[PDB]
Every structure is written in structure tokens, then in C-alpha cells.
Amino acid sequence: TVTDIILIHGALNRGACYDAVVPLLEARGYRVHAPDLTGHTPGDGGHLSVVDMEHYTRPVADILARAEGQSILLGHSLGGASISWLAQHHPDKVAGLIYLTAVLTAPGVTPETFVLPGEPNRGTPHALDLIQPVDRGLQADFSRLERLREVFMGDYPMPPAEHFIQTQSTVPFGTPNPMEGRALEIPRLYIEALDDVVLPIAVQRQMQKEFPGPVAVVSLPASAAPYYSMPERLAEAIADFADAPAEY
């Protein structure tokens, strides 16, 4: 039944960020994908090209279309707003959702609800401090490289440029979760990064607790990027979920 595993990057990242994890899942017998979202491939136009969530997620819709069977969608950090949106529109194509220290927001709730300071257990003030506006775009603050590294990339045994883009579209921050009806019947899994300081473990829990209905959860002892510090443990739980998502 489950045929493809689709891994989806966070803000300012690219598909390639998952390089270490892809062949581990492939060994578990899956067609594994790590596409760039719209605006995330150098030479494609960048952040102003992204019209809306449909346009931003099209490279994932396209893959799901050629899928022989069912798919698991994984989102990292900001990626969770992409897989919630896709779930609404292709629930026939999706068998399961993985939120990897990602943004899981209740129906009709935007991700910014949890980036901005607020109560209870809201705010990502490390990221607001290191990611800055430009033009409608967001971009890291390159005057503080070591800070950029300990905060966003401390799990890397720095990463290579293939893993990143310069400018991020604001589209997925302001677009609210459209999941209704069948989409809420998809099994949901949240993988926590317990030592994350981008998205504090308290915010992660506040998001699991605020989503209507059950969320299965696995806890990883990682920081903002578990695909760097522990690909093997991560793939394993990803494949244990794709082996039978209704019962994990």
C-alpha cells in the first residue's frame, strides 16, 4: 500500500538536506523523495516566484501524482505547514503524516501563531532573532555565522551550500491549515527534537496538545536537525511508521 516516502525541507533549506537519510529508507524498500519546494532551486526565481501554497507545494503534488501507491509525507520545521496543506488536497494519495519538529497547527490556524511570542508556550525567539525580513522575504543574518551554526546546524557532525537557499517566501507562514474531513482521518506522527532551541520542546508539545484528535509521538534526543545527528534512528522510526501507519 505505502509506495513513496516524501521528505520535505524547512525554511531556507533544500531537499538535499536529507541526503543522509534517503538511502536508509530506500534500503527499507521505499521509493524515497527529497524534492525542492518552489522557489528553492537556484535559478528558478527564488522567493518572489511563490504565489500561494498550491504553487509552493506543486513539486510534491507532482510526485504524488506519479506514485503507484500510497505515500508518507514528512515535513521538517516549516515543512509541516506544507504537508498539512497537501493532506487536505490529496488525502486519497496520502497514507500518513510525519511532523519532524515541525509546525503542526490546528485547522484554520496559521504557523505564525507559534513563531510569534504568545501564550501559552508560543514563540521561536531564536529564529526571529537570526532570520530577518527583506523586501516579503526572510533571510538569515550573516553577520552572526557561529550563532547561525550553533542554533540551526549544531547537529551536523558546517553543512554544504547544496543544503540551503538565500531567501525564503513568506507564503507558508501566513497561509492557514485547511485540513478538514477526510484529511483529519490520516494517521499523524510527531517526532520531537528534545534539545531543539529553534523550536523549543515546550512549543512542540503545545502544538501536539493543540491539534484536535490523537497525535502519535516519538522523541529523538536531537537539536534543530535530527537528519544530521541521527539519520539511522530517524529513518528507522520513519520506516516503522510507513510499515503500518494506522497502528504505530
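Start at 1 and count along the sequence shown; that's the residue number.
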| item | value |
| --- | --- |
| Absent coordinates between residue 157 and residue 158 - deposited residues affected, binned into four classes | 1 to 3 |
| Unmodelled deposited residues between residue 141 and residue 142, binned | none |
| Between 190-198 and 66-74 (mean CA B-factor, as deposited), the higher | 66-74 |
| Criterion, highest CA B-factor; candidates, 108, 174, 80, 91 | 91 |
| Residue with highest C-alpha B-factor in the PDB entry, from 35, 221, 39, 181 | 181 |
| Third assignment of residue 10 from its chain's C-alpha B-factors | lowest |
| Chain-relative CA temperature factor third for residue 104 | middle |
| Ranked against its chain, the third holding the CA B-factor of residue 47 | highest |
| Modelled-residue ranking by C-alpha temperature factor, third containing residue 165 | middle |
| Within-chain third of residue 150 by Cα B-factor, per the entry | middle |
